[PDB]
Amino acid sequence: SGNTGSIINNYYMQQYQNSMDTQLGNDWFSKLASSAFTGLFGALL
Amino acid sequence: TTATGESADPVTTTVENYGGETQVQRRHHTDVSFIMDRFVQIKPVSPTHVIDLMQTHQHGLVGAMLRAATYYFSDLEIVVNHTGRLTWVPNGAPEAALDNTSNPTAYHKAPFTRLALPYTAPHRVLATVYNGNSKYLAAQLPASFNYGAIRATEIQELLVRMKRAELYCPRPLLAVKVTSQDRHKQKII
Amino acid sequence: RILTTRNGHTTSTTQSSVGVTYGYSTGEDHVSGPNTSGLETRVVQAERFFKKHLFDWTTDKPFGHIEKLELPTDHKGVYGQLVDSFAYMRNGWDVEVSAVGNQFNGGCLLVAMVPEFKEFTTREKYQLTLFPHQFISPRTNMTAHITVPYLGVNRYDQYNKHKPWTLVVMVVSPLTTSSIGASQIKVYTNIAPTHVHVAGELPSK
Amino acid sequence: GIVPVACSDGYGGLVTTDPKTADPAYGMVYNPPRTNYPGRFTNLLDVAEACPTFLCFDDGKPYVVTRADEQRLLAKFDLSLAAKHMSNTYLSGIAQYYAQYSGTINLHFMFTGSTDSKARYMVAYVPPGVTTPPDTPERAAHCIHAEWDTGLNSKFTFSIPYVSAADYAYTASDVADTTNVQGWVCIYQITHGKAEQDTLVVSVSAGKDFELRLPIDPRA
Amino acid sequence: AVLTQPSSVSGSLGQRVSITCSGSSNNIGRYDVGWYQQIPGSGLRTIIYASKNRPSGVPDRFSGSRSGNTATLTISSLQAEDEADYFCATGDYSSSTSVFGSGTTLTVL
Amino acid sequence: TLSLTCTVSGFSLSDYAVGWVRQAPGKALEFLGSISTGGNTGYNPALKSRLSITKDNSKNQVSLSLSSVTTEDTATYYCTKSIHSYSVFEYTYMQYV
């Protein structure tokens with residue numbers, strides 16, 4: 001996660017600690033940098 | 001490498017271009033959660049203060065890094081010095097709601113207090129700039145943007161820290177300007 | 001390297017196109033949401049392309065002469081009647097801008113869809129390539145095809161008040177007009193909404 | 001040696017909404033038993049969902065009487081929980097104490113008149129894109145609405161849907177915003193035969209998808 | 001200098017009035033002109049700069065058109081404070097700046 | 001000489017170019033000179049060798065002076081901030097405020 005570094009179960013439940021998150025049945029910027037065309041575009045000597 | 005370029009495809013080339021073996025990267029200190037987990041100071045402050053984000057100084061770390069993204073989402077860890085009872089309410093709260101106090105309130109501990117106040121704004125994700133007219137012509141952020149409104153009898157300082165934050169849609173960062181030289185030439189520790 | 005697009009029934013086939021670039025996503029997220037109770041009725045009739053004149057490119061304009069266009073702009077056809085007859089809607093935008101030169105004049109025009117526009121202060125401009133963009137220059141490709149999915153602080157919005165996207169066209173390099181090249185080159189836009197949904201029929205006059 | 005607690009500062013003060021448990025000052029007590037005590041309710045919203053209540057109207061009368069003059073807009077009102085016409089229903093009574101609500105809002109219209117009298121009524125929800133709802137029934141006939149005759153079956157519900165930009169809408173109307181957050185809802189009487197001085201009794205209640213959150217204490 | 005405008009212009013409050021500015025492919029054909037305003041007192045409060053955009057801080061009525069070879073200033077509605085000496089200004093390709101706008105005495109009529 | 005140097009209010013003279021313009025008696029205009037924000041200067045080819053244009057970048061003050069000022073050289077001199085840091089040509093400056 002973030003800067004949480006305490007290696008122990010957090011004492012209050014997650015429902016009280018953080019805001020629960022719902023869904024509807026990613027990382028585009030990361031995917032971009034990953035599909036980043038590398039190498040020479042021409043024959044190398 | 002001579003890519004097409006004008007297509008703006010995100011092309012990048014390492015040292016391997018001319019017999020250079022690339023070294024490993026550790027990119028933890030630049031993670032957007034670890035760079036937002038740290039506290040920040042909000043100025044100025046006064047009784048009945050909207051704890052609304054982007055009220056922080058522009059050039060501060062959390063300030064600029066949040067103005068670096070149009071849309072953000074985060075749970076707040078609020079830290080208030082105060083002098084009396086401090087009452088806090090969510091974005092959709094009538095000004096009168098703060099008084100009664102069963103809606104969450106922290107009594108005056110000897111040092112400053114500390115509180116977790118979750119993300120309450122009804123919008124899907126917040127924004128740092130809202131283009132378009134105010135609700136019913138200025139880039140004046142809507143009142144539903146602020147997380148909550150705190151009122152204490154008097155507030156000395158106020159600190160805010162965004163937990164589990166993720167930022168969307170990056171924006172320009174606007175580094176400091178330097179002229180009549182080639183390095184900024186600031187005094188170093 | 002030609003490229004034939006298509007939306008609804010109108011088509012723009014540009015030989016000079018270098019390639020479509022998507023913005024922030026390859027496709028929109030889910031449409032059904034708690035708000036509107038799944039009353040949305042995908043209207044594909046408005047997928048039309050519509051022209052719109054833009055700032056004329058003149059050898060004079062220096063670096064950073066931003067010409068913005070707010071979206072959706074006054075549209076007087078199907079899309080206009082829709083946004084005036086329905087309360088909430090949402091769309092991906094699929095912009096397309098074309099500056100046709102004689103291929104004998106040099107200049108790098110930068111077109112970028114920036115969301116939630118706010119006036120730049122001439123230091124921010126240097127960083128205008130952070131969002132979805134394509135360099136439209138006479139030397140290589142006369143067109144740029146950018147398609148961005150709708151994104152806003154809500155699932156749907158009233159286009160009368162909130163206009164997320166603004167097609168900005170920054171002039172990176174001043175158009176060097178040679179004797180052979182065209183002295184002035186105009187800029188026209190094919191802007192065409194996609195995946196347009198609507199909701200909540202609104203009582204009209 | 002004593003384990004070092006290293007008690008920190010910044011927090012430890014009592015919080016009214018904090019879920020922390022209490023201290024047992026007294027000894028074990030056995031309180032008298034109540035086995036299936038009749039008339040329990042665990043959710044305030046559930047109580048509203050099952051028993052609809054009336055809506056306050058001009059001259060403090062719940063029933064909308066056929067307009068004496070040629071008129072078709074019997075009663076309009078904003079959809080905000082703080083709507084003058086809903087100032088006394090249990091739904092607004094409970095939404096006052098909550099910041100923001102979501103989901104549908106059921107209504108109840110039940111014709112209360114003589115058997116000889118027959119009416120056609122029409123409710124038409126309007127989205128907030130028009131400053132003033134149109135008085136003419138045909139003008140609002142384009143927006144979603146329900147038309148129903150009065151017959152042997154007297155009541156007729158209508159599930160006023162909730163559709164807006166924000167996933168959750170606010171309850172108390174913003175002081176700054178004059179005009180609505182929620183689209184105006186109109187109740188029309190399109191064709192009435194011998195319906196002079198006939199009482200329609202209207203009732204509002206929570207729908208299947210009604211949910212509130214973020215409890216706050218106003219001065220009610 | 002070479003950039004010619006009607007030195008007089010007649011207009012009234014209620015309808016749109018225009019101002020024509022004519023020059024050739026040297027001056028206007030491929031260069032952006034600039035519309036300034038001056039009331040009898042003084043100033044260059046720019047009605048239209050860069051030929052297409054009005055500076056932030058002026059009513060939206062003043063529309064600026066760079067059609068054909070001559071820049072035309074179009075006031076969609078006039079007002080009483082509308083009258084002043086407007087000026088057309090741009091650069092010439094094979095000459096000096098030649099910001100020469102004869103000035104259009106405007107009248108509310 | 002004749003120096004009518006007007007200083008800028010805010011609007012960091014660091015990123016903005018400035019030019020002065022003379023409005024002859026009545027209504028008759030000529031572009032005097034403009035200094036690119038990078039220190040580069042641009043002035044009328046006809047009107048040269050008498051104008052001293054420079055930009056204190058630190059004091060937010062722009063400096064211009066005219067020599068051989070004569071009575072015919074007389075106007076209601078202005079100074080206006082251009083919207084471009086630099087000008088592609090020496091004459092096109094007038095177009096942008």
# chains A, B, ... in the order shown; residues from 1 in each chain; ligands from 1

$ residues_around --residues "residue 69 of chain C" --least-positions-apart "6" --cutoff "10 Å" --atoms "only C-alpha atoms" --output "ChimeraX atom specification"
/C:52-55,113,117,165-169

$ residues_around --residues "residue 62 of chain D" --least-positions-apart "4" --cutoff "7 Å" --atoms "only C-alpha atoms" --output "VMD selection string"
chain D and resid 54 to 57 201 to 202

$ closest_residue --among "D:160, D:146, D:64, D:81" --to "chain C" --atoms "only C-alpha atoms"
D:160

$ interface_residues --of "chain C" --to "chain D" --cutoff "8 Å" --atoms "only C-alpha atoms" --output "MDAnalysis selection string"
chainID C and resid 33:37 87:88 153:158 199:205

$ write_last_selection --atoms "N, CA and C atoms" --output "tab-separated table (two decimals), in the first residue's frame"
chain	number	residue	atom	x	y	z
C	33	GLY	N	-24.64	2.56	-13.82
C	33	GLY	CA	-24.16	3.01	-12.50
C	33	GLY	C	-25.31	3.20	-11.53
C	34	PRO	N	-25.07	3.45	-10.23
C	34	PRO	CA	-26.16	3.64	-9.27
C	34	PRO	C	-27.01	4.84	-9.71
C	35	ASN	N	-26.36	5.93	-10.14
C	35	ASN	CA	-27.09	7.13	-10.62
C	35	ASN	C	-27.77	6.79	-11.96
C	36	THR	N	-29.02	7.24	-12.11
C	36	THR	CA	-29.93	7.12	-13.30
C	36	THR	C	-30.65	5.76	-13.33
C	37	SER	N	-30.32	4.85	-12.41
C	37	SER	CA	-31.01	3.53	-12.31
C	37	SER	C	-31.03	2.79	-13.66
C	87	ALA	N	-31.16	15.73	-20.59
C	87	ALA	CA	-30.52	16.43	-19.49
C	87	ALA	C	-29.07	16.01	-19.29
C	88	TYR	N	-28.80	14.71	-19.21
C	88	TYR	CA	-27.46	14.20	-18.97
C	88	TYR	C	-27.02	13.36	-20.16
C	153	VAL	N	-15.88	14.10	-13.10
C	153	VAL	CA	-16.07	13.85	-11.68
C	153	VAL	C	-17.35	13.09	-11.38
C	154	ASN	N	-18.20	12.90	-12.37
C	154	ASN	CA	-19.42	12.12	-12.22
C	154	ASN	C	-19.49	11.14	-13.38
C	155	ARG	N	-20.39	10.16	-13.27
C	155	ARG	CA	-20.71	9.34	-14.42
C	155	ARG	C	-21.28	10.05	-15.64
C	156	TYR	N	-22.24	10.95	-15.43
C	156	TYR	CA	-22.81	11.79	-16.47
C	156	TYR	C	-22.76	13.24	-16.01
C	157	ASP	N	-22.87	14.16	-16.97
C	157	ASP	CA	-22.90	15.58	-16.64
C	157	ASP	C	-23.79	16.38	-17.58
C	158	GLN	N	-24.18	17.57	-17.13
C	158	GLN	CA	-24.97	18.48	-17.95
C	158	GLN	C	-24.01	19.29	-18.81
C	199	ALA	N	-29.78	10.18	-20.93
C	199	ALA	CA	-30.64	9.76	-19.83
C	199	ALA	C	-31.58	10.89	-19.47
C	200	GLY	N	-32.78	10.52	-19.02
C	200	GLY	CA	-33.70	11.49	-18.46
C	200	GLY	C	-34.30	12.46	-19.45
C	201	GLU	N	-35.21	11.97	-20.31
C	201	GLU	CA	-35.92	12.83	-21.25
C	201	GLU	C	-36.39	14.10	-20.57
C	202	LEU	N	-36.15	15.24	-21.22
C	202	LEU	CA	-36.39	16.54	-20.63
C	202	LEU	C	-37.51	17.26	-21.36
C	203	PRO	N	-38.47	17.84	-20.63
C	203	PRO	CA	-39.62	18.47	-21.29
C	203	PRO	C	-39.20	19.73	-22.03
C	204	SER	N	-39.45	19.75	-23.34
C	204	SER	CA	-39.05	20.85	-24.19
C	204	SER	C	-40.26	21.72	-24.52
C	205	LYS	N	-39.97	22.92	-25.04
C	205	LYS	CA	-41.03	23.89	-25.42
C	205	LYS	C	-42.04	23.22	-26.34

$ residues_around --residues "residue 95 of chain C" --least-positions-apart "4" --cutoff "7 Å" --atoms "only C-alpha atoms" --output "number ranges by chain"
C: 145-147, 190-192

$ write_last_selection --atoms "N, CA and C atoms" --output "PDB file, in the first residue's frame"
ATOM      1  N   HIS C 145      -5.243  12.103 -35.235  1.00  0.00           N
ATOM      2  CA  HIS C 145      -6.499  11.408 -34.963  1.00  0.00           C
ATOM      3  C   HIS C 145      -6.226  11.065 -33.504  1.00  0.00           C
ATOM      4  N   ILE C 146      -7.025  11.631 -32.605  1.00  0.00           N
ATOM      5  CA  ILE C 146      -6.895  11.405 -31.172  1.00  0.00           C
ATOM      6  C   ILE C 146      -8.300  10.954 -30.810  1.00  0.00           C
ATOM      7  N   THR C 147      -8.403   9.926 -29.970  1.00  0.00           N
ATOM      8  CA  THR C 147      -9.691   9.491 -29.439  1.00  0.00           C
ATOM      9  C   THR C 147      -9.553   9.327 -27.938  1.00  0.00           C
ATOM     10  N   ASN C 190     -12.298  17.450 -37.426  1.00  0.00           N
ATOM     11  CA  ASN C 190     -13.351  16.444 -37.549  1.00  0.00           C
ATOM     12  C   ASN C 190     -13.414  16.073 -36.077  1.00  0.00           C
ATOM     13  N   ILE C 191     -14.533  16.387 -35.445  1.00  0.00           N
ATOM     14  CA  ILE C 191     -14.752  16.056 -34.042  1.00  0.00           C
ATOM     15  C   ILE C 191     -16.004  15.200 -34.149  1.00  0.00           C
ATOM     16  N   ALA C 192     -16.002  14.051 -33.489  1.00  0.00           N
ATOM     17  CA  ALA C 192     -17.136  13.152 -33.652  1.00  0.00           C
ATOM     18  C   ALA C 192     -17.351  12.292 -32.419  1.00  0.00           C
TER      19      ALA C 192
END

$ select_by_dssp --residues "chain F" --states "helix (DSSP H, G or I)" --output "list in words"
residues 92, 93, 94 and 95 of chain F

$ interface_residues --of "chain C" --to "chain B" --cutoff "8 Å" --atoms "only C-alpha atoms" --output "PyMOL selection string"
chain C and resi 18-19+21+24+116-118+123-124+127-128+130-131+133-137+140-141+153-155+161-164

$ closest_atom_pairs --of "segment 61-95 of chain E" --to "segment 12-30 of chain E" --cutoff "8 Å" --atoms "only C-alpha atoms" --output "Markdown table"
| residue | atom | partner | partner_atom | distance |
| --- | --- | --- | --- | --- |
| E:68 | CA | E:29 | CA | 7.5 |
| E:69 | CA | E:29 | CA | 4.9 |
| E:70 | CA | E:22 | CA | 4.0 |
| E:71 | CA | E:21 | CA | 5.0 |
| E:72 | CA | E:20 | CA | 4.4 |
| E:73 | CA | E:19 | CA | 4.9 |
| E:74 | CA | E:18 | CA | 4.2 |
| E:75 | CA | E:17 | CA | 5.3 |
| E:76 | CA | E:16 | CA | 4.1 |
| E:77 | CA | E:16 | CA | 4.8 |
| E:78 | CA | E:13 | CA | 4.7 |
| E:79 | CA | E:13 | CA | 5.5 |
| E:80 | CA | E:13 | CA | 7.4 |
| E:88 | CA | E:21 | CA | 6.6 |
| E:90 | CA | E:27 | CA | 6.8 |
| E:91 | CA | E:27 | CA | 5.7 |
| E:92 | CA | E:27 | CA | 3.9 |
| E:93 | CA | E:26 | CA | 5.1 |
| E:94 | CA | E:26 | CA | 6.6 |

$ write_last_selection --atoms "N, CA, C and O atoms" --output "PDB file, in the first residue's frame"
ATOM      1  N   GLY E  68     -11.086  36.387 -46.268  1.00  0.00           N
ATOM      2  CA  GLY E  68     -10.479  36.927 -47.502  1.00  0.00           C
ATOM      3  C   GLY E  68      -9.088  37.501 -47.275  1.00  0.00           C
ATOM      4  O   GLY E  68      -8.285  36.854 -46.571  1.00  0.00           O
ATOM      5  N   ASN E  69      -8.782  38.630 -47.924  1.00  0.00           N
ATOM      6  CA  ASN E  69      -7.452  39.280 -47.782  1.00  0.00           C
ATOM      7  C   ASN E  69      -7.540  40.503 -46.859  1.00  0.00           C
ATOM      8  O   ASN E  69      -6.480  41.102 -46.589  1.00  0.00           O
ATOM      9  N   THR E  70      -8.739  40.859 -46.390  1.00  0.00           N
ATOM     10  CA  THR E  70      -8.874  42.059 -45.519  1.00  0.00           C
ATOM     11  C   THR E  70      -9.521  41.694 -44.178  1.00  0.00           C
ATOM     12  O   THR E  70     -10.643  41.156 -44.190  1.00  0.00           O
ATOM     13  N   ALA E  71      -8.859  42.043 -43.071  1.00  0.00           N
ATOM     14  CA  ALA E  71      -9.389  41.767 -41.714  1.00  0.00           C
ATOM     15  C   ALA E  71     -10.614  42.653 -41.477  1.00  0.00           C
ATOM     16  O   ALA E  71     -10.520  43.868 -41.739  1.00  0.00           O
ATOM     17  N   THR E  72     -11.712  42.071 -40.985  1.00  0.00           N
ATOM     18  CA  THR E  72     -12.951  42.857 -40.749  1.00  0.00           C
ATOM     19  C   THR E  72     -13.357  42.744 -39.275  1.00  0.00           C
ATOM     20  O   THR E  72     -13.437  41.606 -38.774  1.00  0.00           O
ATOM     21  N   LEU E  73     -13.635  43.879 -38.630  1.00  0.00           N
ATOM     22  CA  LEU E  73     -14.064  43.879 -37.204  1.00  0.00           C
ATOM     23  C   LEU E  73     -15.594  43.937 -37.184  1.00  0.00           C
ATOM     24  O   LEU E  73     -16.154  44.881 -37.774  1.00  0.00           O
ATOM     25  N   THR E  74     -16.238  42.975 -36.520  1.00  0.00           N
ATOM     26  CA  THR E  74     -17.724  42.921 -36.504  1.00  0.00           C
ATOM     27  C   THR E  74     -18.273  43.117 -35.088  1.00  0.00           C
ATOM     28  O   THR E  74     -18.053  42.236 -34.237  1.00  0.00           O
ATOM     29  N   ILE E  75     -18.963  44.240 -34.868  1.00  0.00           N
ATOM     30  CA  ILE E  75     -19.607  44.546 -33.598  1.00  0.00           C
ATOM     31  C   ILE E  75     -21.040  44.050 -33.704  1.00  0.00           C
ATOM     32  O   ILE E  75     -21.847  44.625 -34.438  1.00  0.00           O
ATOM     33  N   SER E  76     -21.361  42.979 -32.977  1.00  0.00           N
ATOM     34  CA  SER E  76     -22.670  42.355 -33.123  1.00  0.00           C
ATOM     35  C   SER E  76     -23.805  43.247 -32.641  1.00  0.00           C
ATOM     36  O   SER E  76     -24.931  43.111 -33.131  1.00  0.00           O
ATOM     37  N   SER E  77     -23.540  44.145 -31.699  1.00  0.00           N
ATOM     38  CA  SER E  77     -24.554  45.087 -31.232  1.00  0.00           C
ATOM     39  C   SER E  77     -23.605  46.232 -30.931  1.00  0.00           C
ATOM     40  O   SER E  77     -22.428  45.995 -30.637  1.00  0.00           O
ATOM     41  N   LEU E  78     -24.102  47.462 -31.006  1.00  0.00           N
ATOM     42  CA  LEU E  78     -23.264  48.616 -30.734  1.00  0.00           C
ATOM     43  C   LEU E  78     -23.833  49.013 -29.382  1.00  0.00           C
ATOM     44  O   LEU E  78     -24.850  48.490 -28.922  1.00  0.00           O
ATOM     45  N   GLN E  79     -23.137  49.947 -28.743  1.00  0.00           N
ATOM     46  CA  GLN E  79     -23.661  50.672 -27.599  1.00  0.00           C
ATOM     47  C   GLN E  79     -23.228  52.120 -27.750  1.00  0.00           C
ATOM     48  O   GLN E  79     -22.522  52.482 -28.695  1.00  0.00           O
ATOM     49  N   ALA E  80     -23.659  52.955 -26.807  1.00  0.00           N
ATOM     50  CA  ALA E  80     -23.243  54.351 -26.834  1.00  0.00           C
ATOM     51  C   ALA E  80     -21.750  54.519 -26.581  1.00  0.00           C
ATOM     52  O   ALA E  80     -21.101  55.389 -27.175  1.00  0.00           O
ATOM     53  N   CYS E  88      -6.836  49.222 -37.608  1.00  0.00           N
ATOM     54  CA  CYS E  88      -6.386  47.966 -38.181  1.00  0.00           C
ATOM     55  C   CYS E  88      -4.868  47.991 -38.309  1.00  0.00           C
ATOM     56  O   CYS E  88      -4.291  48.950 -38.828  1.00  0.00           O
ATOM     57  N   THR E  90      -1.221  45.434 -38.807  1.00  0.00           N
ATOM     58  CA  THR E  90      -0.589  44.160 -39.117  1.00  0.00           C
ATOM     59  C   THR E  90       0.732  44.424 -39.809  1.00  0.00           C
ATOM     60  O   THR E  90       1.067  45.566 -40.133  1.00  0.00           O
ATOM     61  N   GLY E  91       1.466  43.345 -40.053  1.00  0.00           N
ATOM     62  CA  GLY E  91       2.755  43.467 -40.702  1.00  0.00           C
ATOM     63  C   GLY E  91       2.670  43.148 -42.184  1.00  0.00           C
ATOM     64  O   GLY E  91       1.859  42.331 -42.620  1.00  0.00           O
ATOM     65  N   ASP E  92       3.579  43.761 -42.950  1.00  0.00           N
ATOM     66  CA  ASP E  92       3.698  43.546 -44.417  1.00  0.00           C
ATOM     67  C   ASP E  92       4.875  42.594 -44.664  1.00  0.00           C
ATOM     68  O   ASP E  92       5.927  42.790 -44.036  1.00  0.00           O
ATOM     69  N   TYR E  93       4.698  41.598 -45.536  1.00  0.00           N
ATOM     70  CA  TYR E  93       5.774  40.609 -45.823  1.00  0.00           C
ATOM     71  C   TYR E  93       6.998  41.253 -46.486  1.00  0.00           C
ATOM     72  O   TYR E  93       8.130  40.941 -46.067  1.00  0.00           O
ATOM     73  N   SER E  94       6.787  42.127 -47.477  1.00  0.00           N
ATOM     74  CA  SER E  94       7.927  42.752 -48.201  1.00  0.00           C
ATOM     75  C   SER E  94       7.987  44.250 -47.896  1.00  0.00           C
ATOM     76  O   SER E  94       8.067  45.048 -48.852  1.00  0.00           O
TER      77      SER E  94
END

$ closest_residue --among "F:58, F:74, F:9, F:44" --to "chain B" --atoms "only C-alpha atoms"
F:58

$ closest_residue --among "D:68, D:212, D:172, D:110" --to "residue 43 of chain D" --atoms "only C-alpha atoms"
D:212

$ interface_residues --of "chain B" --to "chain F" --cutoff "12 Å" --atoms "only C-alpha atoms" --output "list in words"
residues 177, 178, 179 and 180 of chain B

$ write_last_selection --atoms "N, CA, C and O atoms" --output "short mmCIF file (atom, residue, chain, number, x, y, z; two decimals), in the first residue's frame"
data_model
loop_
_atom_site.label_atom_id
_atom_site.label_comp_id
_atom_site.auth_asym_id
_atom_site.auth_seq_id
_atom_site.Cartn_x
_atom_site.Cartn_y
_atom_site.Cartn_z
N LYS B 177 11.55 29.02 -11.86
CA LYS B 177 12.23 29.72 -12.94
C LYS B 177 13.57 30.29 -12.47
O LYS B 177 13.68 30.85 -11.37
N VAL B 178 14.58 30.14 -13.31
CA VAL B 178 15.90 30.71 -13.06
C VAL B 178 16.38 31.38 -14.34
O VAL B 178 16.15 30.89 -15.45
N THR B 179 17.04 32.53 -14.18
CA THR B 179 17.49 33.32 -15.31
C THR B 179 18.92 33.78 -15.08
O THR B 179 19.48 33.62 -13.99
N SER B 180 19.51 34.36 -16.12
CA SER B 180 20.82 35.01 -16.10
C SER B 180 21.84 34.06 -15.47
O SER B 180 22.72 34.50 -14.73
#

$ residues_around --residues "residue 198 of chain C" --least-positions-apart "4" --cutoff "6 Å" --atoms "only C-alpha atoms" --output "list in words"
residues 40, 41, 88 and 89 of chain C

$ write_last_selection --atoms "N, CA and C atoms" --output "mmCIF file, in the first residue's frame"
data_model
loop_
_atom_site.group_PDB
_atom_site.id
_atom_site.type_symbol
_atom_site.label_atom_id
_atom_site.label_comp_id
_atom_site.auth_asym_id
_atom_site.auth_seq_id
_atom_site.Cartn_x
_atom_site.Cartn_y
_atom_site.Cartn_z
ATOM 1 N N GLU C 40 -30.295 4.659 -19.084
ATOM 2 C CA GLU C 40 -29.548 5.140 -20.276
ATOM 3 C C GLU C 40 -29.991 4.395 -21.536
ATOM 4 N N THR C 41 -30.088 5.125 -22.647
ATOM 5 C CA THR C 41 -30.448 4.535 -23.963
ATOM 6 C C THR C 41 -29.406 4.997 -24.986
ATOM 7 N N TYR C 88 -28.802 14.709 -19.214
ATOM 8 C CA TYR C 88 -27.464 14.196 -18.975
ATOM 9 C C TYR C 88 -27.023 13.358 -20.161
ATOM 10 N N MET C 89 -25.726 13.381 -20.443
ATOM 11 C CA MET C 89 -25.175 12.533 -21.489
ATOM 12 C C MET C 89 -23.702 12.287 -21.194
#

$ closest_residue --among "E:8, E:46, E:56, E:105" --to "chain F" --atoms "only C-alpha atoms"
E:46

$ residues_around --residues "residue 70 of chain F" --least-positions-apart "5" --cutoff "12 Å" --atoms "only C-alpha atoms" --output "tab-separated table (two decimals) with N, CA and C atoms, in the first residue's frame"
chain	number	residue	atom	x	y	z
F	1	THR	N	18.19	63.58	-24.59
F	1	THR	CA	17.35	62.49	-25.07
F	1	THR	C	15.93	62.60	-24.53
F	2	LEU	N	15.17	61.51	-24.66
F	2	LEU	CA	13.80	61.45	-24.16
F	2	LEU	C	13.50	60.03	-23.71
F	50	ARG	N	19.11	55.49	-33.09
F	50	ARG	CA	18.75	56.58	-32.19
F	50	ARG	C	17.99	56.05	-30.99
F	75	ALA	N	4.28	62.55	-29.67
F	75	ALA	CA	3.14	61.66	-29.66
F	75	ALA	C	2.72	61.41	-28.23

$ select_by_dssp --residues "chain E" --states "strand (DSSP E or B)" --output "ChimeraX atom specification"
/E:4,8,17-20,22,34-37,45-49,53,62-65,72-75,85-89,104-105

$ closest_atom_pairs --of "chain C" --to "chain E" --cutoff "7 Å" --atoms "only C-alpha atoms" --output "JSON lines"
{"residue": "C:58", "atom": "CA", "partner": "E:30", "partner_atom": "CA", "distance": 5.7}
{"residue": "C:59", "atom": "CA", "partner": "E:31", "partner_atom": "CA", "distance": 6.8}
{"residue": "C:60", "atom": "CA", "partner": "E:31", "partner_atom": "CA", "distance": 5.9}
{"residue": "C:183", "atom": "CA", "partner": "E:30", "partner_atom": "CA", "distance": 6.0}
{"residue": "C:184", "atom": "CA", "partner": "E:30", "partner_atom": "CA", "distance": 5.3}

$ write_last_selection --atoms "N, CA and C atoms" --output "short mmCIF file (atom, residue, chain, number, x, y, z; two decimals), in the first residue's frame"
data_model
loop_
_atom_site.label_atom_id
_atom_site.label_comp_id
_atom_site.auth_asym_id
_atom_site.auth_seq_id
_atom_site.Cartn_x
_atom_site.Cartn_y
_atom_site.Cartn_z
N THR C 58 -0.55 31.12 -39.40
CA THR C 58 0.12 32.21 -40.16
C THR C 58 1.60 32.22 -39.79
N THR C 59 2.47 32.46 -40.78
CA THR C 59 3.93 32.49 -40.54
C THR C 59 4.15 33.30 -39.25
N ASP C 60 3.33 34.33 -39.02
CA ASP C 60 3.49 35.15 -37.78
C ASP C 60 3.41 34.52 -36.38
N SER C 183 1.94 29.94 -47.97
CA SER C 183 2.22 30.98 -46.95
C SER C 183 1.30 30.82 -45.73
N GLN C 184 0.01 30.56 -45.96
CA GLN C 184 -0.96 30.40 -44.84
C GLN C 184 -1.67 29.05 -44.96
#

$ interface_residues --of "chain B" --to "chain A" --cutoff "12 Å" --atoms "only C-alpha atoms" --output "MDAnalysis selection string"
chainID B and resid 1:5 8:19 28:39 73:77 115:121 124 161:170

$ residues_around --residues "residue 19 of chain F" --least-positions-apart "4" --cutoff "10 Å" --atoms "only C-alpha atoms" --output "JSON, numbers by chain"
{"F": [31, 32, 33, 34, 35, 36, 41, 42, 43, 53, 62, 64, 78, 79, 80, 81, 82, 93, 94, 97]}

$ closest_atom_pairs --of "chain C" --to "chain F" --cutoff "8 Å" --atoms "only C-alpha atoms" --output "CSV"
residue,atom,partner,partner_atom,distance
C:60,CA,F:92,CA,6.4
C:61,CA,F:88,CA,7.8
C:62,CA,F:88,CA,6.0
C:63,CA,F:84,CA,7.7
C:64,CA,F:84,CA,7.7
C:65,CA,F:84,CA,7.9
C:122,CA,F:15,CA,7.6
C:174,CA,F:88,CA,7.4

$ write_last_selection --atoms "N, CA, C and O atoms" --output "compact mmCIF listing (two decimals), in the first residue's frame"
# COMPACT_ATOMS: atom_id res chain seq x y z
N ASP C 60 3.33 34.33 -39.02
CA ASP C 60 3.49 35.15 -37.78
C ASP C 60 3.41 34.52 -36.38
O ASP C 60 4.31 34.81 -35.57
N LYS C 61 2.40 33.67 -36.12
CA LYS C 61 2.16 33.08 -34.76
C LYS C 61 3.43 32.50 -34.18
O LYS C 61 3.88 31.52 -34.81
N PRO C 62 4.19 32.97 -32.95
CA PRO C 62 5.34 32.38 -32.28
C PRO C 62 4.97 31.14 -31.49
O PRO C 62 3.83 30.68 -31.55
N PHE C 63 5.92 30.59 -30.73
CA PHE C 63 5.64 29.40 -29.95
C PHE C 63 4.66 29.71 -28.83
O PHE C 63 4.86 30.65 -28.05
N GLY C 64 3.61 28.91 -28.74
CA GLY C 64 2.69 29.00 -27.62
C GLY C 64 1.44 29.80 -27.85
O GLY C 64 0.83 30.25 -26.88
N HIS C 65 1.04 30.01 -29.10
CA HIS C 65 -0.20 30.73 -29.39
C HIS C 65 -1.35 29.74 -29.32
O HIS C 65 -1.89 29.28 -30.33
N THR C 122 2.39 30.29 -19.67
CA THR C 122 3.62 30.28 -20.52
C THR C 122 4.84 29.56 -19.91
O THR C 122 5.95 29.80 -20.42
N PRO C 174 7.15 27.93 -35.52
CA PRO C 174 6.52 28.88 -36.44
C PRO C 174 6.60 28.36 -37.86
O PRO C 174 7.65 27.92 -38.32
